[PDB]
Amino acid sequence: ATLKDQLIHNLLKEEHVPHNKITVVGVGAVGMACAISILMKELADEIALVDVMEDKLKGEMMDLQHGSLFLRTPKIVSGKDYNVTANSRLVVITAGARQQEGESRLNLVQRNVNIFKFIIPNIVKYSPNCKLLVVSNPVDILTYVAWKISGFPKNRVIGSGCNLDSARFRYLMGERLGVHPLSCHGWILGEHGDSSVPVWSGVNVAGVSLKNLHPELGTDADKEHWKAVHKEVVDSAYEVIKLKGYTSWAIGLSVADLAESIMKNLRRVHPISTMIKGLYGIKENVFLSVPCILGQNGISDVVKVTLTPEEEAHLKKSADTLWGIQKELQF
């Protein structure tokens, strides 16, 4: 004689298992900006939230659930134990220490490497066949770290990489040309940091190479100082951090972007961190951003950008900076 029973006549029961589950590790600025972005884009039927902060974790779960009416993701769960993570198609990693004002992402390696040695084994135990998306900084170094501990194939370990760096670039080009960013094509390759390489030789609007029209564009001295557009891409993190304390909206938006190409299997090209041994005459185990076709299996192919010698030389420079760190860890 329960209200339920007078109302509803049961046929079936509580199957459980999700088809499109996504986990978000870390429910801080970035982790909830990832979460909100991915929920608004309707990519998951089940989202799992994990953090060591219990109170914060349950509190943000409840604020997302209160919003159920307006969403199309009917199961929102969270916990400290990784069992909640079970059978995730994708695991977004956002946990760890963040940059203080004027702090290099490279300073974070000791503290975040200790976080990863802890969580990687726990997430691979419950989801042996997930696509790992690393966001935590220094993201190129942590993506290697996840690869190294997880034991996964190089395709299922992705670092968010220069997806963000190239969106700010497009945005800055777009404002000089008076064209929407979607329409200015420009690649920011290498490290998601101070050593990123702009590929000047490939920047274009509607198939036209801005460097054939303006040979002075890029890695020099004279101009309309296009070079400073790469430099604001490099200082953009520092400046936003100095102004609000941290960055969150643009990375959350750039993670939903990748997460749509993985979940829908579109095979779109994105500058993301992947293993590059055997490609630019880089003979080591470096992870840095290259254009990669991203799908349901992760990184299925890498695009061999034609790079000039100025360009190819700042990419080797970015890749050495980076293995100078990586070699000292080996956990």
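In this text, residue numbers run from 1 along the sequence as written.
(request) Read off the CA B-factors in the entry, average them over 319 to 327 and over 15 to 23, and name the higher stretch. (result) Per the deposited B-factors, the answer is 319 to 327.
(request) Could you check the entry and say whether 137 to 145 or 251 to 259 has the higher mean CA B-factor? (result) It is 137 to 145 that shows the higher mean C-alpha B-factor.
(request) Sort 221, 179, 86, 113 by C-alpha B-factor from the entry and give me just the highest. (result) Most elevated C-alpha B-factor of the set, per the entry: 221.
(message) Highest recorded C-alpha temperature factor, please, choosing from 184, 217, 132, 164.
(response) Spelled out: the listed residue with the top C-alpha B-factor is 217.
(request) Using the B-factor values recorded in the entry, state whether the Cα atom of residue 125 falls in the lowest, middle or highest third among the modelled residues of its chain. (result) For residue 125, whose C-alpha B-factor we compare with every modelled residue in the chain, the answer is the middle third.
(message) Looking at the temperature factor on the CA atom of residue 68, which third of the chain's modelled residues does it land in?
(response) For residue 68, the deposited C-alpha B-factor lands in the lowest third.
(request) Report the third (lowest, middle or highest) to which the CA temperature factor of residue 289 belongs, ranking only the modelled residues of the same chain. (result) As the PDB entry reports it, the C-alpha B-factor of residue 289 lands in the middle third of its chain.
(request) Rank-wise, by C-alpha B-factor, drop residue 306 into the lowest, middle or highest third of its chain. (result) Highest third.
(message) What third of the chain does residue 188 rank in for C-alpha temperature factor, lowest, middle or highest?
(response) It belongs to the middle third of the chain when residues are ordered by C-alpha B-factor.
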